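**Student:** Dumping the structure here so I can ask a few things about it.
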Amino acid sequence: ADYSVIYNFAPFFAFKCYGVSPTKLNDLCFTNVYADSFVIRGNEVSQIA
Amino acid sequence: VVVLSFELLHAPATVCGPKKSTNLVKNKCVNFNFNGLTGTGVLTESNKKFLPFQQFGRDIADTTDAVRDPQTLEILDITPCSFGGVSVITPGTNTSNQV
Amino acid sequence: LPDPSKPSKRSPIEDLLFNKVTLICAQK
Amino acid sequence: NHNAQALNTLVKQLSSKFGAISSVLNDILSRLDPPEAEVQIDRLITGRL
Amino acid sequence: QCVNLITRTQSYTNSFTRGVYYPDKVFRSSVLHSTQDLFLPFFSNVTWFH
Ligand SMILES: *[C@@H]1O[C@H](CO)[C@@H](O)[C@H](O)[C@H]1NC(C)=O
């Protein structure tokens with residue numbers, strides 16, 4: 001897992017991370033990793049929490 | 001919106017960062033990182049009969065005591081480096097300064 | 001009275017009391 | 001028995017989360033940023049005190 | 001090629017103390033560990049199929 005490609009396409013409005021610091025994401029080992037995808041309204045991004 | 005749901009534990013895991021590996025050492029107080037778990041101690045050989053599915057070992061106090069290296073399947077014992085209190089036996093400073 | 005035969009030099013009753021009364025690394 | 005049991009309980013208290021995210025200090029240090037790592041260590045410190 | 005060829009009978013028995021597995025993959029020795037997991041209850045109301 002290299003998250004530099006994540007920051008390649010990086011016009012993000014919000015990239016807040018809850019349990020992990022984004023800068024240290026390359027310093028850990030992960031298991032049971034899932035990636036989800038959907039589309040919502042602009043004001044509903046705060047509701048995803 | 002795209003969400004990532006990593007789950008973290010004290011586990012060997014399967015997804016890992018791009019960091020490079022390094023040769024191991026024995027019988028020397030070193031600090032080690034095994035698949036995200038960081039600990040300082042002495043690495044020694046093991047006589048413990050680790051089951052093939054098992055990865056770590058825990059003592060009565062629930063502390064990491066043995067670990068199986070991911071790159072080479074071997075069981076190694078963790079023993080924290082020696083430590084202890086220090087006391088100073090001295091007579092009165094009036095009498096002398098030796099300790 | 002003390003028993004010279006025993007290396008610890010303890011009376012038989014003292015020996016019995018010593019024997020009748022009876023993880024450390026984790027605490028240490 | 002009283003002495004041994006008190007020592008055992010004191011040792012066992014080290015495994016309590018005490019309201020933090022992890023009961024081990026190293027993972028908190030190596031997983032989070034200092035501004036929130038300070039809060040987590042604050043919880044652990046007050047519990048152990 | 002679906003054919004019905006099996007006839008089955010049921011009896012009920014006591015399971016005694018069978019059906020204990022290793023809950024996780026952590027090595028432990030000389031301990032008494034309490035776990036909460038999906039276990040078959042002791043002396044169960046078990047079903048024998050013939
Ligand atoms: C075992 O289960 C059946 C069905 O649940 C029940 O009728 C039977 O009485 C049970 N046996 C005992 C000894 O309880």
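Chain labels run A, B, ... following the order of the structure tokens; each chain numbers its residues from 1, and ligands are numbered from 1 in the order shown.
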Can you tell me which residues surround residue 8 of chain E at a distance of at most 12 Å, considering only C-alpha atoms, apart from same-chain residues fewer than 6 positions away, and format the answer as number ranges by chain?
**Tutor:** E: 48-50
**Student:** How would the residues just picked look written out with N, CA and C atoms as a PDB file, in the first residue's frame?
**Tutor:**
```
ATOM      1  N   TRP E  48     -28.971 -36.707  16.376  1.00  0.00           N
ATOM      2  CA  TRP E  48     -28.295 -37.779  15.655  1.00  0.00           C
ATOM      3  C   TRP E  48     -29.107 -38.138  14.414  1.00  0.00           C
ATOM      4  N   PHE E  49     -28.475 -38.075  13.246  1.00  0.00           N
ATOM      5  CA  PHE E  49     -29.129 -38.378  11.984  1.00  0.00           C
ATOM      6  C   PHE E  49     -28.627 -39.715  11.458  1.00  0.00           C
ATOM      7  N   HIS E  50     -29.563 -40.555  11.019  1.00  0.00           N
ATOM      8  CA  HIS E  50     -29.258 -41.858  10.432  1.00  0.00           C
ATOM      9  C   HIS E  50     -29.941 -41.899   9.068  1.00  0.00           C
TER      10      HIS E  50
END
```
**Student:** May I ask you to extract the residues of chain A within 8 Å of chain B, using only C-alpha atoms, and to give them as a list in words?
**Tutor:** residues 1, 2, 25, 26, 27, 28, 29, 30, 31, 32, 33, 34, 35, 36, 37, 38, 39, 40 and 45 of chain A
**Student:** Put those residues in a file: N, CA, C and O atoms, as a PDB file, in the first residue's frame.
**Tutor:**
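The resulting file, result.pdb, is shown below:
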```pdb
ATOM      1  N   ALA A   1       0.836  -1.191   0.000  1.00  0.00           N
ATOM      2  CA  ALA A   1       0.000   0.000   0.000  1.00  0.00           C
ATOM      3  C   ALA A   1       0.875   1.246   0.000  1.00  0.00           C
ATOM      4  O   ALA A   1       1.579   1.516   0.979  1.00  0.00           O
ATOM      5  N   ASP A   2       0.827   1.999  -1.096  1.00  0.00           N
ATOM      6  CA  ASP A   2       1.443   3.316  -1.177  1.00  0.00           C
ATOM      7  C   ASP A   2       0.344   4.329  -1.450  1.00  0.00           C
ATOM      8  O   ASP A   2      -0.347   4.242  -2.471  1.00  0.00           O
ATOM      9  N   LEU A  25       0.349   6.834   7.133  1.00  0.00           N
ATOM     10  CA  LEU A  25      -0.374   5.707   6.555  1.00  0.00           C
ATOM     11  C   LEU A  25       0.550   4.688   5.902  1.00  0.00           C
ATOM     12  O   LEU A  25       0.153   3.533   5.725  1.00  0.00           O
ATOM     13  N   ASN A  26       1.768   5.084   5.539  1.00  0.00           N
ATOM     14  CA  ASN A  26       2.732   4.170   4.940  1.00  0.00           C
ATOM     15  C   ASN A  26       3.571   3.429   5.972  1.00  0.00           C
ATOM     16  O   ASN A  26       4.410   2.607   5.590  1.00  0.00           O
ATOM     17  N   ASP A  27       3.371   3.697   7.260  1.00  0.00           N
ATOM     18  CA  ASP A  27       4.197   3.128   8.314  1.00  0.00           C
ATOM     19  C   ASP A  27       3.534   1.956   9.028  1.00  0.00           C
ATOM     20  O   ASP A  27       4.076   1.467  10.024  1.00  0.00           O
ATOM     21  N   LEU A  28       2.384   1.489   8.547  1.00  0.00           N
ATOM     22  CA  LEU A  28       1.631   0.446   9.227  1.00  0.00           C
ATOM     23  C   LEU A  28       1.278  -0.674   8.258  1.00  0.00           C
ATOM     24  O   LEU A  28       1.335  -0.514   7.037  1.00  0.00           O
ATOM     25  N   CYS A  29       0.912  -1.818   8.830  1.00  0.00           N
ATOM     26  CA  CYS A  29       0.427  -2.968   8.081  1.00  0.00           C
ATOM     27  C   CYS A  29      -1.064  -3.142   8.335  1.00  0.00           C
ATOM     28  O   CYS A  29      -1.524  -3.034   9.475  1.00  0.00           O
ATOM     29  N   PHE A  30      -1.816  -3.417   7.272  1.00  0.00           N
ATOM     30  CA  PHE A  30      -3.268  -3.458   7.337  1.00  0.00           C
ATOM     31  C   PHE A  30      -3.796  -4.814   6.888  1.00  0.00           C
ATOM     32  O   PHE A  30      -3.158  -5.534   6.116  1.00  0.00           O
ATOM     33  N   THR A  31      -4.981  -5.152   7.393  1.00  0.00           N
ATOM     34  CA  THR A  31      -5.702  -6.347   6.975  1.00  0.00           C
ATOM     35  C   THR A  31      -7.199  -6.094   7.107  1.00  0.00           C
ATOM     36  O   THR A  31      -7.636  -5.221   7.862  1.00  0.00           O
ATOM     37  N   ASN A  32      -7.982  -6.872   6.357  1.00  0.00           N
ATOM     38  CA  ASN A  32      -9.404  -6.602   6.132  1.00  0.00           C
ATOM     39  C   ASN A  32      -9.618  -5.146   5.710  1.00  0.00           C
ATOM     40  O   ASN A  32     -10.189  -4.327   6.430  1.00  0.00           O
ATOM     41  N   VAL A  33      -9.124  -4.844   4.511  1.00  0.00           N
ATOM     42  CA  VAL A  33      -9.228  -3.512   3.927  1.00  0.00           C
ATOM     43  C   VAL A  33     -10.350  -3.517   2.898  1.00  0.00           C
ATOM     44  O   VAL A  33     -10.384  -4.373   2.005  1.00  0.00           O
ATOM     45  N   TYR A  34     -11.274  -2.567   3.027  1.00  0.00           N
ATOM     46  CA  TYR A  34     -12.379  -2.418   2.093  1.00  0.00           C
ATOM     47  C   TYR A  34     -12.425  -0.983   1.592  1.00  0.00           C
ATOM     48  O   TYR A  34     -12.190  -0.042   2.355  1.00  0.00           O
ATOM     49  N   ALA A  35     -12.726  -0.821   0.306  1.00  0.00           N
ATOM     50  CA  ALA A  35     -12.871   0.490  -0.314  1.00  0.00           C
ATOM     51  C   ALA A  35     -14.294   0.622  -0.833  1.00  0.00           C
ATOM     52  O   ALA A  35     -14.735  -0.195  -1.647  1.00  0.00           O
ATOM     53  N   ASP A  36     -15.005   1.643  -0.371  1.00  0.00           N
ATOM     54  CA  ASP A  36     -16.383   1.874  -0.772  1.00  0.00           C
ATOM     55  C   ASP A  36     -16.458   3.089  -1.684  1.00  0.00           C
ATOM     56  O   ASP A  36     -15.537   3.904  -1.749  1.00  0.00           O
ATOM     57  N   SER A  37     -17.573   3.200  -2.398  1.00  0.00           N
ATOM     58  CA  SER A  37     -17.743   4.267  -3.372  1.00  0.00           C
ATOM     59  C   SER A  37     -19.223   4.576  -3.539  1.00  0.00           C
ATOM     60  O   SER A  37     -20.040   3.655  -3.664  1.00  0.00           O
ATOM     61  N   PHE A  38     -19.550   5.870  -3.534  1.00  0.00           N
ATOM     62  CA  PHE A  38     -20.897   6.349  -3.835  1.00  0.00           C
ATOM     63  C   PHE A  38     -20.826   7.851  -4.101  1.00  0.00           C
ATOM     64  O   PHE A  38     -19.746   8.451  -4.115  1.00  0.00           O
ATOM     65  N   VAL A  39     -21.994   8.453  -4.327  1.00  0.00           N
ATOM     66  CA  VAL A  39     -22.112   9.873  -4.650  1.00  0.00           C
ATOM     67  C   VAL A  39     -23.264  10.457  -3.843  1.00  0.00           C
ATOM     68  O   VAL A  39     -24.348   9.868  -3.786  1.00  0.00           O
ATOM     69  N   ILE A  40     -23.034  11.615  -3.222  1.00  0.00           N
ATOM     70  CA  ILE A  40     -24.032  12.288  -2.398  1.00  0.00           C
ATOM     71  C   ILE A  40     -24.023  13.778  -2.719  1.00  0.00           C
ATOM     72  O   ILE A  40     -23.295  14.245  -3.599  1.00  0.00           O
ATOM     73  N   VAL A  45     -21.631  15.613   2.986  1.00  0.00           N
ATOM     74  CA  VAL A  45     -20.317  15.056   3.295  1.00  0.00           C
ATOM     75  C   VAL A  45     -20.049  15.106   4.791  1.00  0.00           C
ATOM     76  O   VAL A  45     -19.341  14.247   5.331  1.00  0.00           O
TER      77      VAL A  45
END
```
**Student:** Within 9 Å of residue 18 of chain E, counting only C-alpha atoms, which residues show up once you throw out same-chain ones fewer than 2 positions away? Write them as a PDB file with N, CA, C and O atoms, in the first residue's frame, please.
**Tutor:**
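For reference, around-v3.pdb as written:
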```pdb
ATOM      1  N   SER E  15     -24.682 -34.305  24.173  1.00  0.00           N
ATOM      2  CA  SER E  15     -23.419 -34.011  23.505  1.00  0.00           C
ATOM      3  C   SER E  15     -22.204 -34.123  24.416  1.00  0.00           C
ATOM      4  O   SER E  15     -21.077 -34.106  23.910  1.00  0.00           O
ATOM      5  N   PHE E  16     -22.400 -34.224  25.729  1.00  0.00           N
ATOM      6  CA  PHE E  16     -21.305 -34.322  26.708  1.00  0.00           C
ATOM      7  C   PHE E  16     -20.443 -33.068  26.568  1.00  0.00           C
ATOM      8  O   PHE E  16     -20.996 -31.957  26.521  1.00  0.00           O
ATOM      9  N   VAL E  20     -14.920 -28.213  21.250  1.00  0.00           N
ATOM     10  CA  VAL E  20     -14.104 -27.097  21.717  1.00  0.00           C
ATOM     11  C   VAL E  20     -12.956 -26.901  20.739  1.00  0.00           C
ATOM     12  O   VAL E  20     -12.243 -27.856  20.410  1.00  0.00           O
ATOM     13  N   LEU E  40     -20.390 -24.698  21.135  1.00  0.00           N
ATOM     14  CA  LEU E  40     -21.475 -25.644  21.348  1.00  0.00           C
ATOM     15  C   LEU E  40     -21.663 -25.849  22.846  1.00  0.00           C
ATOM     16  O   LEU E  40     -20.714 -26.259  23.525  1.00  0.00           O
ATOM     17  N   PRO E  41     -22.844 -25.573  23.397  1.00  0.00           N
ATOM     18  CA  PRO E  41     -23.016 -25.653  24.853  1.00  0.00           C
ATOM     19  C   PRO E  41     -22.800 -27.063  25.377  1.00  0.00           C
ATOM     20  O   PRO E  41     -23.069 -28.054  24.695  1.00  0.00           O
ATOM     21  N   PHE E  42     -22.298 -27.138  26.606  1.00  0.00           N
ATOM     22  CA  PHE E  42     -22.018 -28.425  27.227  1.00  0.00           C
ATOM     23  C   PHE E  42     -23.313 -29.195  27.462  1.00  0.00           C
ATOM     24  O   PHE E  42     -24.339 -28.615  27.827  1.00  0.00           O
ATOM     25  N   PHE E  43     -23.255 -30.513  27.255  1.00  0.00           N
ATOM     26  CA  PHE E  43     -24.403 -31.395  27.469  1.00  0.00           C
ATOM     27  C   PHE E  43     -25.597 -30.957  26.624  1.00  0.00           C
ATOM     28  O   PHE E  43     -26.700 -30.725  27.127  1.00  0.00           O
TER      29      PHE E  43
END
```
**Student:** Counting only C-alpha atoms, which residues of chain D come no farther than 12 Å from chain B, as an MDAnalysis selection string?
**Tutor:** chainID D and resid 7:16 21:31
**Student:** Selected residues, N, CA, C and O atoms, written as a PDB file, in the first residue's frame, please.
**Tutor:**
```pdb
ATOM      1  N   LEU D   7      -0.414  -7.701  43.916  1.00  0.00           N
ATOM      2  CA  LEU D   7       0.545  -7.492  42.833  1.00  0.00           C
ATOM      3  C   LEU D   7      -0.029  -7.940  41.493  1.00  0.00           C
ATOM      4  O   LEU D   7       0.170  -7.273  40.469  1.00  0.00           O
ATOM      5  N   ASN D   8      -0.742  -9.069  41.481  1.00  0.00           N
ATOM      6  CA  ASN D   8      -1.332  -9.561  40.241  1.00  0.00           C
ATOM      7  C   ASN D   8      -2.366  -8.586  39.694  1.00  0.00           C
ATOM      8  O   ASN D   8      -2.412  -8.338  38.485  1.00  0.00           O
ATOM      9  N   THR D   9      -3.210  -8.033  40.566  1.00  0.00           N
ATOM     10  CA  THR D   9      -4.194  -7.054  40.115  1.00  0.00           C
ATOM     11  C   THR D   9      -3.516  -5.801  39.575  1.00  0.00           C
ATOM     12  O   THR D   9      -3.931  -5.251  38.543  1.00  0.00           O
ATOM     13  N   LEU D  10      -2.463  -5.337  40.254  1.00  0.00           N
ATOM     14  CA  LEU D  10      -1.749  -4.159  39.775  1.00  0.00           C
ATOM     15  C   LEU D  10      -1.147  -4.404  38.396  1.00  0.00           C
ATOM     16  O   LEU D  10      -1.181  -3.521  37.532  1.00  0.00           O
ATOM     17  N   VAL D  11      -0.587  -5.594  38.176  1.00  0.00           N
ATOM     18  CA  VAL D  11      -0.058  -5.924  36.854  1.00  0.00           C
ATOM     19  C   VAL D  11      -1.180  -5.981  35.824  1.00  0.00           C
ATOM     20  O   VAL D  11      -1.053  -5.445  34.717  1.00  0.00           O
ATOM     21  N   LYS D  12      -2.299  -6.622  36.174  1.00  0.00           N
ATOM     22  CA  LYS D  12      -3.396  -6.789  35.226  1.00  0.00           C
ATOM     23  C   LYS D  12      -4.006  -5.454  34.824  1.00  0.00           C
ATOM     24  O   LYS D  12      -4.573  -5.337  33.733  1.00  0.00           O
ATOM     25  N   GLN D  13      -3.905  -4.442  35.688  1.00  0.00           N
ATOM     26  CA  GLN D  13      -4.463  -3.136  35.350  1.00  0.00           C
ATOM     27  C   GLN D  13      -3.784  -2.493  34.145  1.00  0.00           C
ATOM     28  O   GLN D  13      -4.330  -1.539  33.581  1.00  0.00           O
ATOM     29  N   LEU D  14      -2.611  -2.983  33.738  1.00  0.00           N
ATOM     30  CA  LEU D  14      -1.920  -2.400  32.592  1.00  0.00           C
ATOM     31  C   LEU D  14      -2.617  -2.690  31.270  1.00  0.00           C
ATOM     32  O   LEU D  14      -2.361  -1.992  30.284  1.00  0.00           O
ATOM     33  N   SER D  15      -3.484  -3.696  31.222  1.00  0.00           N
ATOM     34  CA  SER D  15      -4.126  -4.108  29.982  1.00  0.00           C
ATOM     35  C   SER D  15      -5.439  -3.384  29.714  1.00  0.00           C
ATOM     36  O   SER D  15      -6.109  -3.696  28.725  1.00  0.00           O
ATOM     37  N   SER D  16      -5.822  -2.433  30.560  1.00  0.00           N
ATOM     38  CA  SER D  16      -7.090  -1.734  30.409  1.00  0.00           C
ATOM     39  C   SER D  16      -6.946  -0.565  29.445  1.00  0.00           C
ATOM     40  O   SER D  16      -5.965   0.182  29.496  1.00  0.00           O
ATOM     41  N   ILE D  21      -7.902   4.413  22.597  1.00  0.00           N
ATOM     42  CA  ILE D  21      -8.145   3.553  21.446  1.00  0.00           C
ATOM     43  C   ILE D  21      -7.348   2.255  21.529  1.00  0.00           C
ATOM     44  O   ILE D  21      -7.749   1.246  20.940  1.00  0.00           O
ATOM     45  N   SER D  22      -6.226   2.255  22.245  1.00  0.00           N
ATOM     46  CA  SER D  22      -5.409   1.061  22.388  1.00  0.00           C
ATOM     47  C   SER D  22      -4.769   1.062  23.767  1.00  0.00           C
ATOM     48  O   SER D  22      -4.428   2.117  24.307  1.00  0.00           O
ATOM     49  N   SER D  23      -4.607  -0.134  24.330  1.00  0.00           N
ATOM     50  CA  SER D  23      -4.027  -0.279  25.657  1.00  0.00           C
ATOM     51  C   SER D  23      -2.504  -0.261  25.649  1.00  0.00           C
ATOM     52  O   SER D  23      -1.898  -0.253  26.725  1.00  0.00           O
ATOM     53  N   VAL D  24      -1.875  -0.256  24.477  1.00  0.00           N
ATOM     54  CA  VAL D  24      -0.422  -0.232  24.357  1.00  0.00           C
ATOM     55  C   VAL D  24      -0.002   1.146  23.862  1.00  0.00           C
ATOM     56  O   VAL D  24      -0.580   1.677  22.907  1.00  0.00           O
ATOM     57  N   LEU D  25       0.987   1.733  24.536  1.00  0.00           N
ATOM     58  CA  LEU D  25       1.394   3.101  24.232  1.00  0.00           C
ATOM     59  C   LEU D  25       2.100   3.202  22.886  1.00  0.00           C
ATOM     60  O   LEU D  25       1.975   4.223  22.198  1.00  0.00           O
ATOM     61  N   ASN D  26       2.846   2.165  22.500  1.00  0.00           N
ATOM     62  CA  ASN D  26       3.635   2.232  21.275  1.00  0.00           C
ATOM     63  C   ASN D  26       2.750   2.380  20.045  1.00  0.00           C
ATOM     64  O   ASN D  26       3.071   3.145  19.128  1.00  0.00           O
ATOM     65  N   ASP D  27       1.635   1.648  19.999  1.00  0.00           N
ATOM     66  CA  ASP D  27       0.739   1.747  18.852  1.00  0.00           C
ATOM     67  C   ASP D  27       0.102   3.127  18.761  1.00  0.00           C
ATOM     68  O   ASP D  27      -0.036   3.681  17.665  1.00  0.00           O
ATOM     69  N   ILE D  28      -0.296   3.695  19.901  1.00  0.00           N
ATOM     70  CA  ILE D  28      -0.841   5.049  19.901  1.00  0.00           C
ATOM     71  C   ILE D  28       0.202   6.037  19.398  1.00  0.00           C
ATOM     72  O   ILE D  28      -0.104   6.939  18.608  1.00  0.00           O
ATOM     73  N   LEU D  29       1.451   5.879  19.842  1.00  0.00           N
ATOM     74  CA  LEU D  29       2.510   6.784  19.407  1.00  0.00           C
ATOM     75  C   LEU D  29       2.771   6.661  17.909  1.00  0.00           C
ATOM     76  O   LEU D  29       2.974   7.670  17.224  1.00  0.00           O
ATOM     77  N   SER D  30       2.769   5.438  17.385  1.00  0.00           N
ATOM     78  CA  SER D  30       3.132   5.193  15.995  1.00  0.00           C
ATOM     79  C   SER D  30       1.943   5.224  15.043  1.00  0.00           C
ATOM     80  O   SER D  30       2.128   5.001  13.842  1.00  0.00           O
ATOM     81  N   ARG D  31       0.735   5.490  15.539  1.00  0.00           N
ATOM     82  CA  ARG D  31      -0.452   5.485  14.698  1.00  0.00           C
ATOM     83  C   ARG D  31      -1.125   6.843  14.559  1.00  0.00           C
ATOM     84  O   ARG D  31      -1.887   7.036  13.608  1.00  0.00           O
TER      85      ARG D  31
END
```
**Student:** Got a sec to pull out which chain C residues are within 9 Å of chain D, counting only C-alpha atoms, and send them as a PyMOL selection string?
**Tutor:** chain C and resi 23+26-27
**Student:** Those residues with N, CA, C and O atoms, as a PDB file, in the first residue's frame please?
**Tutor:**
```pdb
ATOM      1  N   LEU C  23       5.278 -16.280  36.632  1.00  0.00           N
ATOM      2  CA  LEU C  23       4.428 -15.164  37.027  1.00  0.00           C
ATOM      3  C   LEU C  23       5.271 -14.071  37.676  1.00  0.00           C
ATOM      4  O   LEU C  23       4.991 -12.881  37.523  1.00  0.00           O
ATOM      5  N   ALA C  26       6.787 -11.676  35.166  1.00  0.00           N
ATOM      6  CA  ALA C  26       5.845 -10.695  34.637  1.00  0.00           C
ATOM      7  C   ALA C  26       5.738  -9.485  35.556  1.00  0.00           C
ATOM      8  O   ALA C  26       5.734  -8.338  35.094  1.00  0.00           O
ATOM      9  N   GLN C  27       5.649  -9.722  36.867  1.00  0.00           N
ATOM     10  CA  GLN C  27       5.621  -8.613  37.816  1.00  0.00           C
ATOM     11  C   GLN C  27       6.938  -7.848  37.807  1.00  0.00           C
ATOM     12  O   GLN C  27       6.949  -6.614  37.878  1.00  0.00           O
TER      13      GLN C  27
END
```
**Student:** Can you tell me, as an NGL selection string, which residues in chain C count as helix (DSSP H, G or I) by DSSP?
**Tutor:** :C and (12-20 or 24-27)
**Student:** Include N, CA, C and O atoms and write out the residues we just selected as a PDB file, in the first residue's frame.
**Tutor:**
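Dumped everything to selection.pdb:
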```
ATOM      1  N   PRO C  12      12.754 -29.757  64.235  1.00  0.00           N
ATOM      2  CA  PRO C  12      11.756 -30.479  63.427  1.00  0.00           C
ATOM      3  C   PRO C  12      10.434 -29.743  63.292  1.00  0.00           C
ATOM      4  O   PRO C  12       9.835 -29.750  62.208  1.00  0.00           O
ATOM      5  N   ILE C  13       9.966 -29.095  64.358  1.00  0.00           N
ATOM      6  CA  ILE C  13       8.732 -28.322  64.268  1.00  0.00           C
ATOM      7  C   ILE C  13       8.924 -27.122  63.349  1.00  0.00           C
ATOM      8  O   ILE C  13       8.043 -26.786  62.549  1.00  0.00           O
ATOM      9  N   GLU C  14      10.079 -26.459  63.446  1.00  0.00           N
ATOM     10  CA  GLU C  14      10.370 -25.351  62.542  1.00  0.00           C
ATOM     11  C   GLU C  14      10.439 -25.828  61.098  1.00  0.00           C
ATOM     12  O   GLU C  14       9.970 -25.137  60.187  1.00  0.00           O
ATOM     13  N   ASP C  15      11.022 -27.007  60.869  1.00  0.00           N
ATOM     14  CA  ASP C  15      11.065 -27.561  59.520  1.00  0.00           C
ATOM     15  C   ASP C  15       9.663 -27.842  58.994  1.00  0.00           C
ATOM     16  O   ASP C  15       9.358 -27.561  57.828  1.00  0.00           O
ATOM     17  N   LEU C  16       8.795 -28.401  59.841  1.00  0.00           N
ATOM     18  CA  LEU C  16       7.422 -28.661  59.426  1.00  0.00           C
ATOM     19  C   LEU C  16       6.693 -27.367  59.089  1.00  0.00           C
ATOM     20  O   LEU C  16       5.971 -27.293  58.087  1.00  0.00           O
ATOM     21  N   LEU C  17       6.874 -26.332  59.915  1.00  0.00           N
ATOM     22  CA  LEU C  17       6.242 -25.046  59.638  1.00  0.00           C
ATOM     23  C   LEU C  17       6.765 -24.443  58.340  1.00  0.00           C
ATOM     24  O   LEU C  17       6.001 -23.852  57.568  1.00  0.00           O
ATOM     25  N   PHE C  18       8.069 -24.574  58.090  1.00  0.00           N
ATOM     26  CA  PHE C  18       8.643 -24.074  56.847  1.00  0.00           C
ATOM     27  C   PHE C  18       8.057 -24.796  55.641  1.00  0.00           C
ATOM     28  O   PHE C  18       7.750 -24.170  54.621  1.00  0.00           O
ATOM     29  N   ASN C  19       7.896 -26.118  55.739  1.00  0.00           N
ATOM     30  CA  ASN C  19       7.385 -26.876  54.603  1.00  0.00           C
ATOM     31  C   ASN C  19       5.893 -26.653  54.385  1.00  0.00           C
ATOM     32  O   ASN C  19       5.418 -26.740  53.247  1.00  0.00           O
ATOM     33  N   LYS C  20       5.139 -26.365  55.447  1.00  0.00           N
ATOM     34  CA  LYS C  20       3.689 -26.272  55.326  1.00  0.00           C
ATOM     35  C   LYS C  20       3.203 -24.936  54.777  1.00  0.00           C
ATOM     36  O   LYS C  20       2.003 -24.797  54.521  1.00  0.00           O
ATOM     37  N   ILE C  24       6.314 -14.489  38.398  1.00  0.00           N
ATOM     38  CA  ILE C  24       7.194 -13.536  39.067  1.00  0.00           C
ATOM     39  C   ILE C  24       7.888 -12.641  38.049  1.00  0.00           C
ATOM     40  O   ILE C  24       8.053 -11.435  38.269  1.00  0.00           O
ATOM     41  N   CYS C  25       8.312 -13.220  36.923  1.00  0.00           N
ATOM     42  CA  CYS C  25       8.992 -12.438  35.895  1.00  0.00           C
ATOM     43  C   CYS C  25       8.076 -11.365  35.319  1.00  0.00           C
ATOM     44  O   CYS C  25       8.529 -10.258  35.004  1.00  0.00           O
ATOM     45  N   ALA C  26       6.787 -11.676  35.166  1.00  0.00           N
ATOM     46  CA  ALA C  26       5.845 -10.695  34.637  1.00  0.00           C
ATOM     47  C   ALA C  26       5.738  -9.485  35.556  1.00  0.00           C
ATOM     48  O   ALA C  26       5.734  -8.338  35.094  1.00  0.00           O
ATOM     49  N   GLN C  27       5.649  -9.722  36.867  1.00  0.00           N
ATOM     50  CA  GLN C  27       5.621  -8.613  37.816  1.00  0.00           C
ATOM     51  C   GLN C  27       6.938  -7.848  37.807  1.00  0.00           C
ATOM     52  O   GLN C  27       6.949  -6.614  37.878  1.00  0.00           O
TER      53      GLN C  27
END
```
**Student:** Check which residues fall inside 7 Å of ligand 1 when counting only C-alpha atoms and all ligand atoms, and print them as a PyMOL selection string.
**Tutor:** chain E and resi 12+45-46
